[PDB]
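Engineer: One structure, pasted below without further comment.
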Amino acid sequence: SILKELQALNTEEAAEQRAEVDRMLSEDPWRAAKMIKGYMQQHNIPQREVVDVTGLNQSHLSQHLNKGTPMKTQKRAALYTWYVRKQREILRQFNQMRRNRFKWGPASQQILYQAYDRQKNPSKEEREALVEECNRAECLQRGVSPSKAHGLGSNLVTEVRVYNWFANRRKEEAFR
Amino acid sequence: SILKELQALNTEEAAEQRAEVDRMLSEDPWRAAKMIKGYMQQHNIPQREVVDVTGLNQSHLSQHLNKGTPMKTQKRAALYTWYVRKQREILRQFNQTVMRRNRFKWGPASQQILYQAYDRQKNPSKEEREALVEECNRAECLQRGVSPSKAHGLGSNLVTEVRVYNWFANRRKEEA
DNA sequence: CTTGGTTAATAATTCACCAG
DNA sequence: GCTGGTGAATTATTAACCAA
């Protein structure tokens with residue numbers, strides 16, 4: 001334990017981080033905010049996934065990132081840290097507790113919408129197209145190759161997904 | 001106890017409420033949604049109160065009531081009763097008289113004139129605000145067709161200084 | 001006092017989903 | 001090609017604090 005406590009703080013990664021997150025702090029709070037939200041949104045990552053790991057208040061965080069309501073250093077610092085980490089965390093997850101709910105990214109949405117002008121009930125196969133069409137796209141966004149889209153992981157597209165997405169779509173419209 | 005149970009089901013008032021709501025369910029679903037959205041809108045009742053008292057899924061109600069997504073009968077029936085009761089409920093406490101506590105909600109009225117009095121004086125001093133407490137408060141009473149007297153019936157959604165207070169401030173604070 | 005941070009609550013939306 | 005009903009999670013937004 002304290003021996004891992006330390007055995008953590010010391011790697012070249014650890015340091016690399018302690019210090020990137022350090023300039024983030026010296027720099028403009030907001031310009032940082034963008035970046036991240038940037039980030040988050042490139043990879044589609046639940047805001048929740050961040051409160052959870054950082055323990056910052058979720059409304060506090062939503063605003064300082066969507067609105068720049070100022071966050072006191074200590075906190076920021078946490079949040080930056082999160083992000084720098086997850087940036088490797090996210091990194092290996094390719095090149096190399098709660099289980100996140102999937103989300104349509106706008107990219108896949110784009111297709112889906114386009115593809116859907118009078119597509120009530122797609123053929124369990126036409127579906128399949130688009131599954132494989134989406135992720136191909138979703139990788140474009142995150143700056144890798146279609147080759148393996150398995151890193152998308154939590155937000156990996158599937159049948160049943162577009163499935164419902166039709167389906168729900170065909171209810172959506174269905175009223176007003 | 002079953003004697004209460006019975007003595008309850010069996011009132012002049014009560015009984016007729018069954019009738020009213022029973023007719024309501026013969027009507028166009030969305031016409032009642034309309035009705036009620038409105039009614040609540042008027043008295044400013046939390047969507048959440050309904051959700052407890054009735055015990056319907058909170059999203060389902062936001063739909064069936066905004067989107068007008070279809071809700072099976074029973075649930076409806078459970079709504080109309082609600083709405084129904086409430087109505088006497090609201091008007092006892094109101095018209096004639098002298099596990100968790102709702103929460104305040106500013107109403108367009110109160111709000112309108114708030115945003116006027118605003119681009120007019122960034123920081124109202126107690127007297128100042130105080131005026132407004134009686135402005136809204138009256139206006140709130142118009143809305144629900146009653147007397148500026150005993151705007152005391154507004155109850156929760158009753159306006160106050162400190163309440164007006166923070167309504168500046170998160171009006172002030174919010175221009176960053 | 002008042003800002004300045006920070007918050008618990010509400011509710012529109014989003015995704016899933018099972019029983020006819 | 002299940003398909004209407006519903007429902008848990010999510011996150012922008014609201015209305016209040018408490019610390020200095």
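Ligands are numbered from 1 in the order shown, residues from 1 within each chain, and chains are lettered A, B, ... in the order they appear in the structure tokens.
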Give me the residues within 12 Å of residue 18 of chain D as a ChimeraX atom specification, counting only C-alpha atoms (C1' of nucleotides) and dropping any in the same chain fewer than 5 places off.
Structural biologist: /C:4-7
Engineer: Residues near segment 6-10 of chain D, anyone? I mean within 9 Å using only C-alpha atoms (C1' of nucleotides), not counting same-chain ones fewer than 6 positions away, as a VMD selection string.
Structural biologist: (chain A and resid 46 to 48 101) or (chain B and resid 57 to 60) or (chain C and resid 13 to 17)
Engineer: Put those residues in a file: C-alpha atoms (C1' of nucleotides), as a CSV table (one decimal), in the first residue's frame.
Structural biologist:
```
chain,number,residue,atom,x,y,z
A,46,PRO,CA,-20.3,11.2,-20.1
A,47,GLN,CA,-20.1,14.2,-18.0
A,48,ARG,CA,-20.8,11.7,-15.4
A,101,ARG,CA,-24.2,4.2,-21.2
B,57,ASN,CA,-42.9,7.6,-14.3
B,58,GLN,CA,-41.5,11.1,-14.4
B,59,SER,CA,-40.4,10.9,-17.9
B,60,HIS,CA,-43.6,9.4,-19.0
C,13,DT,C1',-34.1,14.3,-23.4
C,14,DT,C1',-31.8,10.0,-24.4
C,15,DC,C1',-31.2,5.3,-24.8
C,16,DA,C1',-32.9,0.8,-23.7
C,17,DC,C1',-36.5,-2.7,-23.3
```
Engineer: I'd like the contact shell of segment 149-157 of chain A - 6 Å cut-off, only C-alpha atoms (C1' of nucleotides), skipping same-chain residues fewer than 5 positions apart - returned as an mmCIF file with C-alpha atoms, in the first residue's frame.
Structural biologist:
```cif
data_model
loop_
_atom_site.group_PDB
_atom_site.id
_atom_site.type_symbol
_atom_site.label_atom_id
_atom_site.label_comp_id
_atom_site.auth_asym_id
_atom_site.auth_seq_id
_atom_site.Cartn_x
_atom_site.Cartn_y
_atom_site.Cartn_z
ATOM 1 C CA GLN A 93 -7.082 1.674 -25.279
ATOM 2 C CA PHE A 94 -6.331 1.848 -28.976
ATOM 3 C CA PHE A 102 -23.639 4.454 -25.083
ATOM 4 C CA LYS A 103 -24.264 7.567 -26.967
ATOM 5 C CA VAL A 131 -23.585 -0.130 -38.027
#
```
Engineer: I need the contact residues of chain D against chain A, so if you could list those with any atom within 12 Å, counting only C-alpha atoms (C1' of nucleotides), and return them as a PyMOL selection string, that would help.
Structural biologist: chain D and resi 1-5+8-14
Engineer: Using only C-alpha atoms (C1' of nucleotides), which protein or nucleic acid residues come within 12 Å of residue 173 of chain B? Drop anything in the same chain fewer than 2 positions from it, and give the result as a ChimeraX atom specification.
Structural biologist: /A:67-70 /B:122-123,166-171,175-176 /C:2-5
Engineer: Residues of the last selection are to be written out with N, CA and C atoms (P, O5', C5', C4', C3', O3' and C1' of nucleotides), as a compact mmCIF listing (two decimals), in the first residue's frame.
Structural biologist:
```txt
# COMPACT_ATOMS: atom_id res chain seq x y z
N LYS A 67 -20.18 27.32 -19.40
CA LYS A 67 -20.48 28.66 -19.20
C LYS A 67 -19.24 29.45 -18.64
N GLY A 68 -18.22 28.71 -18.20
CA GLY A 68 -17.02 29.26 -17.61
C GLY A 68 -17.31 29.80 -16.25
N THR A 69 -18.19 29.19 -15.49
CA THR A 69 -18.27 29.76 -14.22
C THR A 69 -17.07 29.36 -13.53
N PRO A 70 -16.41 30.27 -12.82
CA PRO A 70 -15.04 30.13 -12.44
C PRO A 70 -14.99 28.95 -11.36
N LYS B 122 -28.85 47.48 -10.72
CA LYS B 122 -28.05 46.23 -10.57
C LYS B 122 -28.23 45.81 -9.17
N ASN B 123 -28.18 46.74 -8.24
CA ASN B 123 -28.30 46.24 -6.90
C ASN B 123 -29.32 46.91 -6.05
N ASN B 166 -31.76 36.69 -4.11
CA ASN B 166 -31.02 35.88 -4.95
C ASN B 166 -31.52 35.96 -6.28
N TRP B 167 -32.63 36.52 -6.58
CA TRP B 167 -32.84 36.53 -7.96
C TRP B 167 -32.13 37.60 -8.67
N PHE B 168 -31.56 38.47 -7.95
CA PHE B 168 -30.70 39.37 -8.57
C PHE B 168 -29.51 38.65 -8.66
N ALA B 169 -28.97 38.37 -7.56
CA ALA B 169 -27.70 37.83 -7.70
C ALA B 169 -27.48 36.70 -8.73
N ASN B 170 -28.37 35.81 -8.91
CA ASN B 170 -28.08 34.93 -9.98
C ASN B 170 -28.85 35.47 -11.12
N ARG B 171 -28.31 36.65 -11.36
CA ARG B 171 -28.71 37.44 -12.50
C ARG B 171 -27.61 38.28 -12.67
N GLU B 175 -23.56 36.79 -15.79
CA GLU B 175 -23.45 37.62 -16.98
C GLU B 175 -22.02 37.51 -17.35
N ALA B 176 -21.28 36.91 -16.43
CA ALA B 176 -20.05 36.17 -16.84
C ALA B 176 -20.21 34.90 -17.77
P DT C 2 -26.81 44.58 0.63
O5' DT C 2 -25.56 44.73 -0.63
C5' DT C 2 -25.14 43.82 -1.82
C4' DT C 2 -23.67 43.40 -2.10
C3' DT C 2 -23.67 42.24 -3.09
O3' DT C 2 -23.07 42.42 -4.48
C1' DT C 2 -22.38 41.67 -1.18
P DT C 3 -23.60 41.32 -5.82
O5' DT C 3 -22.14 40.77 -6.48
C5' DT C 3 -20.84 41.45 -6.05
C4' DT C 3 -19.72 40.48 -5.59
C3' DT C 3 -19.37 39.34 -6.54
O3' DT C 3 -18.00 39.61 -6.76
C1' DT C 3 -19.59 38.51 -4.34
P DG C 4 -17.24 38.67 -7.92
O5' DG C 4 -15.86 37.78 -7.30
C5' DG C 4 -15.73 37.20 -5.75
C4' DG C 4 -16.04 35.67 -5.49
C3' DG C 4 -16.21 34.78 -6.74
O3' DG C 4 -15.38 33.69 -6.54
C1' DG C 4 -17.88 34.23 -5.19
P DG C 5 -15.02 33.03 -7.93
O5' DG C 5 -15.26 31.50 -7.48
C5' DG C 5 -16.36 31.13 -6.68
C4' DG C 5 -15.89 30.22 -5.55
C3' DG C 5 -15.86 28.85 -6.12
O3' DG C 5 -15.33 28.09 -5.17
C1' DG C 5 -17.96 29.38 -4.98
```
Engineer: Considering only alpha helix (DSSP H) as DSSP defines it on the backbone, what residues of segment 3-170 of chain B qualify? List them as a PyMOL selection string.
Structural biologist: chain B and resi 3-9+12-24+29-43+47-50+58-65+73-92+108-120+127-143+161-170
Engineer: Determine, using only C-alpha atoms (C1' of nucleotides), which residues of chain C have any atom at most 8 Å from an atom of chain B, and tabulate each with its shortest atom pair and distance in Å to one decimal place, rows ordered by chain and then rising number, as a Markdown table.
Structural biologist:
```
| residue | atom | partner | partner_atom | distance |
| --- | --- | --- | --- | --- |
| C:10 | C1' | B:48 | CA | 7.5 |
| C:11 | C1' | B:47 | CA | 7.7 |
| C:12 | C1' | B:62 | CA | 7.7 |
```
Engineer: Kindly indicate which residue among A:96, A:135, A:158, A:164 lies nearest to chain C, using only C-alpha atoms (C1' of nucleotides) for the distances.
Structural biologist: A:164
Engineer: Please determine the contact residues of chain B with respect to chain A at a cut-off of 7 Å, counting only C-alpha atoms, and supply them as a PyMOL selection string.
Structural biologist: chain B and resi 67-69
Engineer: Just the selected residues (N, CA and C atoms), exported as a short mmCIF file (atom, residue, chain, number, x, y, z; two decimals), in the first residue's frame, please.
Structural biologist:
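The resulting result-v2.cif:
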```
data_model
loop_
_atom_site.label_atom_id
_atom_site.label_comp_id
_atom_site.auth_asym_id
_atom_site.auth_seq_id
_atom_site.Cartn_x
_atom_site.Cartn_y
_atom_site.Cartn_z
N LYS B 67 -44.94 16.34 -25.35
CA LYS B 67 -45.07 15.53 -26.53
C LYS B 67 -46.52 14.94 -26.75
N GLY B 68 -47.32 14.78 -25.68
CA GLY B 68 -48.57 14.01 -25.81
C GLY B 68 -48.36 12.47 -26.18
N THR B 69 -47.28 11.87 -25.70
CA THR B 69 -47.16 10.47 -25.87
C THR B 69 -48.23 9.75 -25.09
#
```
Engineer: What does the distance from atom CA of residue 118 of chain A to atom CA of residue 64 of chain B come to in Å, to one decimal?
Structural biologist: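 For atom CA of residue 118 of chain A relative to atom CA of residue 64 of chain B, the distance reads 25.4 Å.
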